[PDB]
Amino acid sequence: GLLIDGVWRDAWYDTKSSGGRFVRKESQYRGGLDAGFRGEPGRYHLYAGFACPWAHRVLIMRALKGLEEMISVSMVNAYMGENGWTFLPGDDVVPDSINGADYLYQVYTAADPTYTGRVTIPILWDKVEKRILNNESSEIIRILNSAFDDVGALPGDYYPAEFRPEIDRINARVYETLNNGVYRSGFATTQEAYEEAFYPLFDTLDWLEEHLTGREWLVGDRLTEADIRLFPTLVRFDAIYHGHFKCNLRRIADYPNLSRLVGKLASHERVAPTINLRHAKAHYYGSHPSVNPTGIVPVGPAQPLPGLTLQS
């Protein structure tokens, strides 16, 4: 599925070709973010969902800063079919208020009628300028972390200047080999590609587990955006990735230090309500017929996580 000229096309990219006509696949809305800077209660609207681990990132930052009443939300259906992400009735759906769209693609198009590109979440929508402010997770996270600080946000700097270099090092490997790793693996079409993705993925877990040995968080001893982008992948791992995406060299459950980080975070009031594994499980098994044609959702692993029990 792409938006081709404001028209929704589940048919190639397309007939001609690369080209023919070239289609930009990156996040095309990189606003917010600039010099100075940042915003306003009641002004911005978050589009997101429970399946996407990229959207999860912004949900976790929206909670951690307590922007839940300053930044409203709409939440899409777990089934991604002919029309892609949709707001049709269903588990955990929260409708497109202001715009009343049936399909996520209609949000992009409401703003720019000929839009050509992918139609993704999360989207930070500027309600006043009636358009997308920015729709790249990594970026939004930062937008939400810096100044709403000004206007009632809970204190919290998850990108400490003192540490940006190290955070950066980690976000990069984690992004490339893990965040996007589980997808490169699950969607790979040749065995070689599957192995060439899957193995670096575990090399990265093997590394993260060491780093975490006498630590509580990835960087210094502070929850930071490093963990916040690692956690969405972990939380879905054993319960979705390990099976569906074949990431099964071992379980996150088999990495004591990581399993501990996941428990810590899945136990935080605030983060906990942003998790909905039933929904993710359903979106992943039920929306990828290339990989899982019956669409049947495994009776899952029963109890894919832990709690928090190794203090003193």
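Note that residue numbering begins at 1 and tracks the sequence as displayed.
Higher mean CA B-factor, judged across 303-311 and 2-10 from the recorded values: 303-311.
Look at the mean CA B-factor for 34-42 and for 239-247 in the entry; the higher one is 34-42.
Of the candidates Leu212, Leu234, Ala78, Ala193, the PDB record gives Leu212 the highest C-alpha temperature factor. Highest C-alpha temperature factor among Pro155, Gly117, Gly220, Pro200, as the PDB entry reports it: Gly220.
Residue-level temperature factors show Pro113 in the middle third of its chain, judged at the C-alpha atom. The deposited CA B-factor of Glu225 belongs to the middle third of values across its chain. When the CA B factors of the chain's modelled residues are split into thirds, the value for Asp149 lands in the lowest one. When the modelled residues of the chain are ordered by their C-alpha B factor, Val297 lands in the lowest third. The entry lists a Cα temperature factor for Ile132 that places it in the lowest third of the chain's modelled residues.
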